[PDB]
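> in the first instance, please consider these chains from the complex; the rest will follow:
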Amino acid sequence: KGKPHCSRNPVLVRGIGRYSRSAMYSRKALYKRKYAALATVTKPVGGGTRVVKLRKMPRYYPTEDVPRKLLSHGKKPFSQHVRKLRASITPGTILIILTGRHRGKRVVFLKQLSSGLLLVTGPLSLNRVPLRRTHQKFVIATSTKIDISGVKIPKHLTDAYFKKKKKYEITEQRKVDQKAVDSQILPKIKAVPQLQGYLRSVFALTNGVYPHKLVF
Amino acid sequence: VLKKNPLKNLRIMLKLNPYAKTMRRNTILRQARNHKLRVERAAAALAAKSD
Amino acid sequence: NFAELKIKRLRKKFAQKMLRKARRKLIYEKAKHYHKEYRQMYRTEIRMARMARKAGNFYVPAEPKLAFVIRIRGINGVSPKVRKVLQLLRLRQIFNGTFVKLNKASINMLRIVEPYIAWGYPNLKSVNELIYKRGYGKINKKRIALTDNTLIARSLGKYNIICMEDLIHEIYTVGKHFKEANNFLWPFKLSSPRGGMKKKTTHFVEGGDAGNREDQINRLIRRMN
Amino acid sequence: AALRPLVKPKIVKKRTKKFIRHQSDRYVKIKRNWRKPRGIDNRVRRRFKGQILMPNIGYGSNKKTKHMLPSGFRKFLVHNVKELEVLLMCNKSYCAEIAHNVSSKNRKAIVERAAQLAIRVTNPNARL
Amino acid sequence: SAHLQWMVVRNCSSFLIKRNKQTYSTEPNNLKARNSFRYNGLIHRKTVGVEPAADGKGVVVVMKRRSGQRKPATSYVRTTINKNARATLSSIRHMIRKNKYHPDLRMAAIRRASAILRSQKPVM
Amino acid sequence: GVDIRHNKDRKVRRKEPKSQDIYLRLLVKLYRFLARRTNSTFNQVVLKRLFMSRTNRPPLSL
Amino acid sequence: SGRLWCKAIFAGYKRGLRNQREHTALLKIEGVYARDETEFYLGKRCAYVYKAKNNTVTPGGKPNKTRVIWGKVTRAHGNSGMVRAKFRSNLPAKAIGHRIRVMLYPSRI
């Protein structure tokens, strides 16, 4: 019984500790810390009493059953995976949607969600784009940034909030949260000249335009 | 057994050679210390050029 | 019953639990000493030459004791005397590799197969990627990957070669048990050289690849492996 | 709504085109069935480029997926009702197929006995 | 004996059938219906057999006695079980494990009985 | 290309007796277990000689 | 409102002089003519759009006559800006010299 301290040695290289084990031995102060040395339930019956057994034997057995598989170690479920993010993708930058039905639309990035999808939201007045999730791979990351450091994103909206439930009609909670976030962003994009016209425009490739040659 | 490369897989190298941990515990503190002295030499170089 | 026998089972597995941990400490200390041996051997070659130039004389380095021999030509058409030497060096496929120590007998066998091989003296580094990445042991006449130190120690444990570092030290430094250590290793199945080849059919002196490329074999080793 | 097998492995086949006889297209007396050429100047025999491939041992299918139907079962020829009860301990691996010479009234004896034993039939509604 | 008679019945037997790269046996006591030394109902002195009931409701368990080995009219005794699914599987497990009666086939009888009871279940 | 000879890579020896009698086979089955489970070479000579032909296992006079 | 893919020409299969390997396609993307400019297009998804007679379904729309063969850009080929691509099914030779699309949504930027 007692409070736990964090890992005393900082991580230097992944899989490698900064302090050696004998230096860890002195840092741990282990020199002065030597140490030496369910299923049956009785129930009354209205006779006598009966002793029932929980988890009774199954009444069915298949003709043949699979053998069990060997044990792996490096395989984790999707909820426990690490979620990467590009260095160009920062809160306040402007992204371009490529695969969704909002093709060529310049949409403002808010924050990184839990599952790895990006919460990206241009103003509904300009881009006609709601609070919408977007995968980070299908995103053109333009080097145009606004300062959303001082906005207040609602904590109640998350990946489960944008999860598809089961004809889609817009709920009134979606409309309230739409103007709750846009009211903080829209004055800030008006501080940059010609930024609202930039967001209302659509992205396209013309003749003589090559994405590898140009920078953005 | 799948022959994992000891040169890429760090733990297979540690299974074959336990001293490789301190081979790679050093050449990280040493290289950072040597990189620190290179920067401080350049930091002191700006004082020598300006004075 | 099963009173003493269950506790003896706990003390049975505890015997190899402490013995395995004791063996790990020996392997750690062997490699630490081997790291010291390369400070002593690598620095004194510079040290010998530095004081000879200061005295005005010359320091002739020791003639190298080991070279790495790689077969570079195919198999369609070969003289039977040349073919006999090539299978005596355990070089039966193209781009195969083996470690050969140097003496009067080995030099003359390498001279008779000069167009068919490219050989030279490997570095301390070039041993490591060969033993670690392409190191395969011949246990019971079977090609088994050296994925554990006990595999070497099961066959080479009588020569105090009980880990990967002991085998590397026995190969690089040509000890008294080099023959048993080298014959334990399967011939190295190297891939094709990345970046191409200069010329297969001529000697390395005349702009080709065959013959003795003394210390340039380390460049060729990195592309084979 | 059919009878699923125990497992559904990925069926891989190295070659699916039939091995035709050499010069089988040029003549009608030469059938499609493969015969290994043994001529001195035969191009197919000595593996010339752009010619008819010959069957080799390398074309053999995987032992796990050998003789397995695309549905995931393996066939078994069944002539009468009595042969059905063999497969009821092989229900999830092997399926039953009725023979060609079985009468229509004996085919309609078989189908429901395999339905009670949940035995998959390759051709349940053959005649009707 | 068991091993001596197996070497004769393994290929030239009337109950064995071979087609479609498969081998089966139609012995009355050959549960799992496969030609094998363990599962042969006629070979061994002690044999467990599971068959459907005569009236279609329940299972009959075939028990082979060790007294009249060359007396096939008396060697087999048949008991009928017409209880619920859980209790039927409990009884066949008890007759094999707790009597130590040829115990390598206890689960094989459980697998066969679990399907025969499913076969006589009303069809959807 | 590998310069090895497949002329004699297949050793010629008996794996099981060419006789089809069942009493020898049951004795062979008994001695296959004894060869691979015991450490004696006697069960390795007997099992080797049980496979042998009639001319290879000449009668022994009294 | 406009194009979202770069114009590329299916020049031919990966081949020798007397042997072709039609499981790997060679692409000539417009605007790239050097090896060092092919790094941007590595990993991008390529598609060959064509139309046929029978109507097939379309994801998110009424079933149309157009069909595609999906693929990806594997690695650069040659020195003068050529590049290799691999598709799920091998490209028909009717598409030799025709326009195929390489998209940007497999983006690394």
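The structure has been received and is ready for your questions. Numbers count the residues shown, from 1 in each chain, chains lettered A, B, ... in the order given.

> can you name the residue of chain B nearest to chain D?
residue B:2 (19.9 Å; C-beta to the nearest C-beta). Quick note: C-beta positions are derived from backbone N, CA and C, even for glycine.

> take stretch A:17-29, keep the C-alpha atoms, and write them as CSV.
Included here for stretch A:17-29 are C-alpha records, laid out as CSV according to Å, rounded to 0.1, in the frame of the first residue of the first chain:
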residue,chain,number,x,y,z
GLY,A,17,16.3,2.6,-21.2
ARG,A,18,18.4,5.6,-20.4
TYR,A,19,19.9,4.2,-17.2
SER,A,20,21.6,0.8,-16.9
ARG,A,21,20.2,-1.8,-14.5
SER,A,22,22.9,-1.3,-11.8
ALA,A,23,22.5,2.5,-12.1
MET,A,24,18.7,1.7,-12.0
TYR,A,25,19.4,-0.5,-8.9
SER,A,26,20.9,2.5,-7.0
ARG,A,27,18.2,4.8,-8.4
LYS,A,28,15.5,2.4,-7.2
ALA,A,29,17.3,2.2,-3.8
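
> any idea how far residue G:79 is from the one residue sitting closest to the centre of chain G?
By C-alpha atoms, centre = their mean, chain G has its centre lying nearest to residue G:46, at 4.1 Å. For residue G:46, the distance to residue G:79 equals 21 Å [C-beta to C-beta, to the nearest Å].

> name the element the residue positioned nearest the centre of chain A belongs to?
Nearest residue to the geometric centre of chain A (C-alpha atoms, centre = their mean): residue A:114, 1.6 Å. Applying DSSP states H and E as the criterion places residue A:114 outside every helix and strand.

> how distant is stretch A:70-81 from the center of its chain?
17 Å (C-alpha atoms, centre = their mean, to the nearest Å).

> go ahead and add RNA strand H:
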RNA sequence: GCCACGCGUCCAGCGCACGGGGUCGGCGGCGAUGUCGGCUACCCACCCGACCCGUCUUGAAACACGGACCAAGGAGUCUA
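With RNA strand H added, the chains above now look like this:
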């Protein structure tokens, strides 16, 4: 920086994982009279390759011989 932990006498459990070969405890769509799938086998188009078989021969696609096509028969058998 450290594969070093005790005393006297004589000369063990909890979780993390570059760790004995892949998993998701992750998802999006369309599917009843016009849609999905169907290696092979029916037909057609394109690229690459590609000379008609048998036999004699050191050498055959040969301007070396048999050969329109199809069905049936048709050639190491028996005795000692």
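
> ok so, going back, sec struct for the residue nearest to the residue nearest to the centre of chain A when sequence neighbours are not counted, please.
Spatial nearest neighbour of residue A:114, chain neighbours left out: residue A:159 (5.3 Å); criterion: C-beta to C-beta, 6 or more residues apart in numbering or on different chains. Put simply, residue A:159 is coil when judged by DSSP: H, G, I helix; E, B strand; the rest coil.

> what separation is there between the residue of chain A found nearest chain F and RNA strand H?
Closest contact between chain A and chain F, by C-beta to the nearest C-beta, is at residue A:67 (26.2 Å). In this view, residue A:67 and RNA strand H are 12 Å apart by C-beta to the nearest atom of the strand, to the nearest Å.

> before we move on, what about residue G:27?
Applying C-beta to the nearest atom of the strand to residue G:27 and RNA strand H gives a distance of 16 Å.

> equivalent analysis for residue D:12, please.
Distance from residue D:12 to RNA strand H, by C-beta to the nearest atom of the strand: 11 Å.

> who's in contact with that residue?
D:61, D:62, D:65 (C-beta atoms under 8 Å, 6 or more residues apart in numbering or on different chains).

> of these, buried ones?
In the contacts of residue D:12, burial by neighbour count holds for no member, counting by 16 or more other C-beta atoms under 10 Å in any protein chain shown.

> between these, which is closest to chain A?
residue D:65 (16.3 Å).

> surely that closest one meets residue D:11?
Yes - here residue D:65 lies in contact with residue D:11, judged by C-beta atoms under 8 Å, at a distance of 5.2 Å.

> circling back: okay if I get the contacts of residue D:12 as TSV plus distance to chain C?
Converted to TSV, those look like this (distance: C-beta to the nearest C-beta, whole Å):
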residue	distance to chain C
D:61	28
D:62	24
D:65	29
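
> add RNA strand I to the structure above:
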RNA sequence: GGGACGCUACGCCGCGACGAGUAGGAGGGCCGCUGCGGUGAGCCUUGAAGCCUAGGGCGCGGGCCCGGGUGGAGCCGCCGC
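One more chain to add, RNA strand I, which I have set with the ones above:
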């Protein structure tokens, strides 16, 4: 002193290495035809053999099983010969 599979042991499983081919030799064929002794309480005018087939398939392959049409009276699987 109350518990998964297995093992036609001529069966099953694990490791490594190798795979050309004329004449020629050997082995395996649950490749194919015909008849005989056994065997399937085998199939069959509610449709046998044979034949055709733009169908479904299996086996590397010799070949084989179903679906459809025609047909009207025999036929096949396994163990040996």
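
> returning to that earlier point: how about the secondary structure of the residue nearest to the centre of chain G?
Criterion first, three-state DSSP; result for residue G:46: strand.

> ok, now how distant is it from residue G:8?
In terms of C-beta to C-beta, residue G:46 sits 7 Å off from residue G:8.

> so what sits against both of the two?
With C-beta under 8 Å, 6+ apart as the test, residue G:46 and residue G:8 both reach G:27, G:100, G:101, G:102.

> for RNA strand H, what are the nearby residues on chain B?
With C-beta under 7 Å from any atom of the strand as the criterion, chain B meets RNA strand H at residues B:1-2, B:4, B:8-12, B:15, B:18, B:21-22, B:25-26, B:29.

> and whichever residue of chain C sits closest to chain B, how many neighbours does it have?
Chain B sits closest to residue C:31 of chain C, with a gap of 3.7 Å, by C-beta to the nearest C-beta. Neighbourhood size, residue C:31 [other C-beta atoms under 10 Å in any protein chain shown]: 23.

> residue D:39 now?
Residue D:39: 10 neighbours (other C-beta under 10 Å).

> who's in contact with it?
For residue D:39, counting by C-beta under 8 Å, 6+ apart, the contacting residues are residue D:45.

> hang on, it in a helix?
No - under three-state DSSP, residue D:39 falls outside any helix and is assigned coil.

> quick check on it: phi, psi?
phi -80, psi 160 (degrees, to the nearest 10).

> give me the residue at the spatial middle of chain F.
residue F:48 (3.2 Å).

> give me the distance from stretch D:44-52 to the chain's centre.
28 Å.

> where's residue C:115, which helix or strand?
Residue C:115 belongs to no helix or strand, assigned by DSSP H and E.

> need the three-state assignment for the residue nearest to the centre of chain F.
Per three-state DSSP, residue F:48 ends up helix.
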